[PDB]
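Protein chains get the first letters and strands the later ones, always in sequence-line order, with residue 1 at the start of each.
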There are 2 protein chains.
Amino acid sequence: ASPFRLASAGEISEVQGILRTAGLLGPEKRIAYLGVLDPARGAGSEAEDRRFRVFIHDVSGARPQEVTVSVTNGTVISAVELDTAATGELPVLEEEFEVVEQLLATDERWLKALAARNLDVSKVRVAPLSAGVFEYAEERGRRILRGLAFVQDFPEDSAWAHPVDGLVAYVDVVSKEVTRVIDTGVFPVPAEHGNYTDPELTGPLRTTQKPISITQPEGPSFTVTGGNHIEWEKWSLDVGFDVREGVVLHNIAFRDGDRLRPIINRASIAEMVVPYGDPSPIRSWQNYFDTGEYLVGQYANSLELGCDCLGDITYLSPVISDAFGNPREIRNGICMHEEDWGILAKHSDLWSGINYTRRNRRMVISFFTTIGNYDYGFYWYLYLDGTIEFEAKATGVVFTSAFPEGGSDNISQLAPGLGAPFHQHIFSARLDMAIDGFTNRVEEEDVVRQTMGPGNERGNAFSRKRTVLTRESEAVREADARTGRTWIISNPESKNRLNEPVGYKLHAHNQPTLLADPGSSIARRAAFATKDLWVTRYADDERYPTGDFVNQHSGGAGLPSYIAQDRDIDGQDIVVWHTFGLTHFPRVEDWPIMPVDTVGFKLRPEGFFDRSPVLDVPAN
Amino acid sequence: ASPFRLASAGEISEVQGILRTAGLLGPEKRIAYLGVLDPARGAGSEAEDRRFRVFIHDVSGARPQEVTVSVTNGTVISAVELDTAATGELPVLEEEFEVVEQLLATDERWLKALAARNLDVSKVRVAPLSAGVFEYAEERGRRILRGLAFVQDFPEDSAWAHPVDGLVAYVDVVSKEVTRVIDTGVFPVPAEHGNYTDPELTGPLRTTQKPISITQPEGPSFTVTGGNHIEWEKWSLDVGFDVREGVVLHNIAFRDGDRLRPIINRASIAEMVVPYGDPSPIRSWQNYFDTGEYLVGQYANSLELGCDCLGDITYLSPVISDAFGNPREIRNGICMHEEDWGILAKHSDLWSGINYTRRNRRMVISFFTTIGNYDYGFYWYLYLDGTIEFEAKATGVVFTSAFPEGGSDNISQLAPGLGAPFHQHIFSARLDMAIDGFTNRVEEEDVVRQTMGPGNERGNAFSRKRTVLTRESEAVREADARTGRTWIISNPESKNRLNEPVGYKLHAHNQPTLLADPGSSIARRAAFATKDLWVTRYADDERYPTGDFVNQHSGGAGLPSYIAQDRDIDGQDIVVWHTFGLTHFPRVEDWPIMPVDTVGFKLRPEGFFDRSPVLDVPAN
Ligand SMILES: [Cu+2]
Ligand SMILES: [Cu+2]
């Protein structure tokens, strides 16, 4: 019944049939993206209309199309031919990955480079990586991937231990031709293996860990209705899944007495970029837009009970489309569970004699994705006290290079001859806000120091100040950890019982933003990553901070274009875009497989409630 | 056997007997502090001499003494008379807190002030607070507490809901004299109650929370020997307890194959200050040194199984002295347990076909203290991967005032007429480092941005810079979140297999430090709180960042005086002092009892190991 229900296998098969009968899905076509469209703004929309957006690639070289389909009515709503030299290429297809290694395997320049290094071509794996936009004019309007080589000594070997440095190739994956092979010199291929399941490397496994058993003998405290609607401890929300963004949270609201109060209309990780900081020409082009170029949802893991998710777990198994329009189920792709989170509130009072302790809990909604060597977990948390938190967990295997004789200012040494280039992992959270409704505003809050003097004779006073962001041209903000800077999203038309506007406060981790030179290609294509906070006026088609077609787009799309409209955001329907990320100087302990590191943000109520919202939590 | 064992009841009784025999503990004497001294530097020199340090107060007004005794040999080692007007008063005694309300109940100035407000003296509670050092010359050399008043409507009422603003009194607790009563005008006493167990306020309790059962069917994975020596998942340490500092960690080490490798010799929270930012003369003197003035270990809670600590819990019950030298057990005052901590490492490799997931866990050592309206939890965490983390949890009831008509720049409104002054909670961690032994140094590490140009033609390169701190005069450092600043403690004489010095990296939360004006009394007394990081050369008598005697002591002691010696810290026995804190602008949701907020820091290995230290963790 809900317009926010997950796509079903039958809906995807119907989309396939509609495209096929319209002549839009011949043997030369590939679906590069397929997703449900959210309902348009309308708090009275009753007519059910399930619409899907599709990007259609053509392997023979014809121009791609963007198509919108109505599943409800069985019709094609619109079909537009795309000029990719202008607006960007379509996302990378899974089937184009293996093409890169196959094409190089018969190219005489590639084979010459391997022969000089005494490498068997059958043992050389090629990582197929997005191309970006640099100095090569012949690439404009063509689908390019670039390849970096790794040696796999045997089928179960970790090829990441054996980078082949000084060599890179560029490939047109539609015309199937190798455009350039660049060989800058011979580097020894690091020889130590990185096989973290080899007993020779692990040593004897520990026998000292005793079981931890986490059970819920009466079942979990949340309910799931209509497939993806969650009710838990006064929270209400819908769990969506999109092949580009992954898990998406809709209609986050809190039941305060008899009122269901909205907080966030839609929450997602709308882009993530991994720029590398090694100036070697072998890698200086390397920037992963994992969301926009690769689509993190289609690489979601199936999560195993007792290993990936521990406790009383409820799974969702979302459905996506393959390249031909067939539905594909990601079995156990989303984990949902509640967990204990320590003490919530505690006080032992001498005067009243009352001793009071209550425990906290959080609801967890998570998925894990694998893109090449990296693995990322995406975690959303809801807490009893109204706090909302996101956490990204980074693990997997670091991307490697040779470690140069004489050292490097831009590469860490992990093992003899083995390097790991410096890089960042930067995320953009898109928060379509709805604090008690859609009339919202953002204030920047700084601590204010005061000078000792009249009215402050002991020099102890301090204060704070709030600045309203009133137009998009002034809503591009930087962090300032030294002044305790936070941002408050409030509703100026909804007051608490003290006659103050209700609000939520965003707490950032204040990690460094994009480090690349402002004039670089990556600073232009990932402009969102250069600032901590952006606020835009809501619009239906402003979905991603990097624009719709990120792959090989020359730059400036997404947030810089949106902000340029300079719309009023003071008490309007607004969207907060928060940049946060990890700056990774790899350490020896990250090798041969990296322990998790984390980054995130949280939002806490700020006068949203009339008092603490967890006074009705029992003692148990 | 171990020199680091907890003080026993018998040792405390023996100290009492030794002091009595020496003529130092007659009926007019009180013990204000008693604690065991750590062994001096010298690997097992003293065979074992258990020594105790005692501060002895005299209720008749004679000068106090600092005494060191050997319980092993039954002797007083030294006894020194203290000149408290010069070097500071002793910590506040529990029995002095009761004196204040009773003395005020008979003072005609106090009664006249209450009669002016139509208040019944029998219902007025007085919060007795430390005095600090301000403009009152008659206080020098005297033990003073200051009192603020709150109305308790009935014996189970939360008096914090009913502050009596505009009124403060100062009391000499030795001569039993009210020195001053200051009345700046009548404020209405806020009338709403704050009784968070009253069903009228809580509403009906939730019935929705289902149980979460955490058990360990085979028992925990750690062992406890010698009363307080812990071994868990390659970690080794001793858990101490001091009445001033609370839980102290000694001899933190990691078993790396065959070798027990030291990391931290002694870790503690060596001071904590809570400065208030309201310039009203009723409260502009208000600063709590909870550790230095009150002694946080003395007020440790007994922790209840299932409420305070959940899971398979091992308890320690430390012994302290009462004011007469009798032993007092804090039953179940320390909780120890291990917790699941999600995914440790994960990778699904396309090329090798191997899927790999491992789970993390952490060892938790915690205690909770209650001082007046505030309750603080202190948590130390050890992780499988070598990470050490500290977390403070702040809860309890916020300190209140009237809310002025016309508002305030320094006070939050919580309820009609009820305010909460702005304040901070600032901690000092004292980390006596021993990274692979005692030859250590500290480097400051900043991210370095690079300009596009020769050798960085695409503008993507970034790097980092490390600066060795070589002398104490240059070892007073501030945070810089924007450049990703961290600090590395390394051993220049101990190298990993890549021939790089082994190290640990300190990651701060980069919260604001002390906000008070630099010329204020509190900035001079809490100078440590004005900077994020200090490094000193180890010395036996340099224990607290505020000095030995904080109560009513002007500046002149502690970290600024230590640093002036300008000692060599480049490859020496060094101590890291890290300042971290919360800046608290109270919100409506903090009333009537505050949900936990947290702050802390962590240390992560940085080339300490030759590869990931958790390759031998089994799959389970
Ligand atoms: Cu990384
Ligand atoms: Cu506070």
key: All pairs passing ring-ring contact (aromatic ring centres under 6.0 Å, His included) where residues 248-269 of chain B contributes a residue, at least two apart   = B:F4-B:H250, B:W235-B:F254, B:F254-B:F609
Set of salt bridge (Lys or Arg N to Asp or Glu O under 4.0 Å) partners for B:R497, sequence neighbours left out = A:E192
B:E389: partners by salt bridge (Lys or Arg N to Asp or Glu O under 4.0 Å), with sequence neighbours left out = none
query = Which side-chain hydrogen bond (donor to acceptor under 3.5 Å, both in side chains) pairs, counting each pair once, include a residue from residues 216-230 of chain B, with sequence neighbours left out?
reply = B:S221-B:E338, B:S221-B:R361, B:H229-B:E231, B:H229-B:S236, B:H229-B:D238
ask   = Is any side-chain heavy atom of B:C335 less than 4.5 Å from a side-chain heavy atom of B:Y315?
value = yes
query = Does B:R358 have any side chain to side chain donor-acceptor pair (under 3.5 Å) partners at least two apart in sequence or in another chain, and if so, which?
reply = none
key: Those residues that, when tested against B:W380, pass ring pair (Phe, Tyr, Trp, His ring centres under 6.0 Å) (two or more places apart)   = B:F390
message = Please enumerate all residues that pass ring pair (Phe, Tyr, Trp, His ring centres under 6.0 Å) together with A:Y376, with sequence neighbours excluded.
response = A:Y374, A:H425
query = Heavy-atom distance under 4.5 Å between the side chains of A:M336 and A:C309, does that happen here?
reply = no
inquiry  = I'd like to know whether B:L382 forms a side-chain contact (heavy atoms from CB on, under 4.5 Å) with B:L237, so could you lay out the CA-CA distance, the side-chain angles of the two residues, the decisive distance to 0.1 Å, and finally the verdict.
reply    = CA-CA 10 Å; B:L382 305 180; B:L237 71 156; 3.7 Å; yes
ask   = Which value, rounded to the nearest 0.5 Å, describes the distance between B:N360 atom CG and B:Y383 atom OH?
value = 8.0 Å
request  = Say whether A:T583 and A:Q511, considering side chains only, have a donor N or O and an acceptor N or O under 3.5 Å apart.
outcome  = no
remark   = When every non-hydrogen atom of A:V398 is compared with those of A:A420, the smallest separation belongs to CG2-CB, 4.3 Å
request  = Any chance you could lay out the side-chain contact (heavy atoms from CB on, under 4.5 Å) test for A:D157 and A:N195, step after step, and finish with the verdict?
outcome  = CA-CA 6 Å; A:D157 194 40; A:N195 299 137; 2.8 Å; yes
message = Nearest 0.5 angstrom please: A:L414 CG to A:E589 CD, how far?
response = 10.0 Å
key: Heavy atoms from other residues, nucleotides or ligands near CD of B:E493 exceed 12 (cutoff 6.0 Å)   = no
task = Please examine the side chains of B:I313 and B:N332, heavy atoms only from C-beta on, and report whether any two atoms are closer than 4.5 Å.
result = no
ask   = Any ion pair linking B:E606 and B:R466 (charged N to carboxylate O, less than 4.0 Å)?
value = yes
query = Is A:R587 close to B:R604 at the side-chain level, that is, under 4.5 Å between some pair of heavy atoms?
reply = yes
ask   = A:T369 side chain to A:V296 main-chain N or O, any donor-acceptor pair under 3.5 Å?
value = yes
Exercise: do A:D597 and A:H584 side chains pair donor with acceptor under 3.5 Å = no
key: Pairwise salt bridge (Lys or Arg N to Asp or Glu O under 4.0 Å) hits with a residue in residues 342-352 of chain B, at least two apart   = A:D308-B:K346
ask   = What are the two closest non-hydrogen atoms of B:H578 and B:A508, and how far apart are they?
value = NE2-CB, 3.6 Å
note = Note: B:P217 and A:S213 closest approach over all heavy atoms is CD-CB, 4.2 Å
message = A side-chain contact here means heavy atoms from C-beta on lying under 4.5 Å apart; do B:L603 and B:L431 qualify?
response = yes
query = Does the A:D375 side chain pair with the main chain of B:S348, one donor and one acceptor, at a distance under 3.5 Å?
reply = yes
task = Sequence neighbours left out, what passes ring pair (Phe, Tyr, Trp, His ring centres under 6.0 Å) with B:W487? Give chain and number order.
result = none
key: Over 12 foreign heavy atoms within 6.0 Å of CG, B:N620   = no
request  = Let me see the working for A:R359 and A:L344 under side-chain contact (heavy atoms from CB on, under 4.5 Å), right down to the final yes or no.
outcome  = CA-CA 5 Å; A:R359 287 198 76 84; A:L344 172 64; 5.6 Å; no
inquiry  = Under the rule for ring pair (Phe, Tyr, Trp, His ring centres under 6.0 Å), what residues qualify as partners of A:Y379, not counting sequence neighbours?
reply    = none
remark   = Shortest non-hydrogen pair, A:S412 vs A:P586, comes out as OG-O, 2.8 Å
query = Please walk me through it: do B:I330 and B:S317 pass side-chain contact (heavy atoms from CB on, under 4.5 Å)?
reply = CA-CA 5 Å; B:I330 308 180; B:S317 298; over 6 Å; no
message = Contact between B:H337 and B:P220 at the side-chain level, heavy atoms closer than 4.5 Å - yes or no?
response = no
remark   = Rounded to the nearest 0.5 angstrom, the OG-CH2 distance for A:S158 and A:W591 is 5.5 Å
request  = State, to 0.1 Å, how close A:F150 and A:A159 come at their nearest heavy-atom pair, and which atoms those are.
outcome  = CB-O, 3.4 Å
key: A:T395 side, atom OG1; A:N373 side, atom CG - distance, nearest 0.5 Å   = 11.0 Å
message = To the closest 0.5 Å, what do you measure between OH (A:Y196) and CG (B:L615)?
response = 10.5 Å
query = Is there a side-chain contact between A:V364 and A:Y381, using heavy atoms and a 4.5 Å cut-off?
reply = yes
message = Which residues pass the salt bridge (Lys or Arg N to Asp or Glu O under 4.0 Å) test with B:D432, not counting sequence neighbours?
response = B:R41
task = Verify the distance criterion only: is there a donor paired with an acceptor across the side chains of B:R441 and B:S490 at less than 3.5 Å?
result = yes
key: B:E48 bridged to B:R5 by N-O distance under 4.0 Å   = yes
key: Atom pair CD (B:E339) and CZ (B:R362), whose distance is rounded to the nearest 0.5 Å   = 4.5 Å
ask   = Okay, side chain of A:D590, backbone of A:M594: is any donor-acceptor separation there less than 3.5 Å?
value = no
query = Can you check whether B:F222 reaches B:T314 side chain to side chain, under 4.5 Å on heavy atoms?
reply = yes
Shortest non-hydrogen separation from B:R331 to B:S302 and the atoms involved = O-OG, 2.7 Å
message = Restricting to side chain to side chain donor-acceptor pair (under 3.5 Å), what partner residues turn up for B:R430, sequence neighbours left out?
response = none
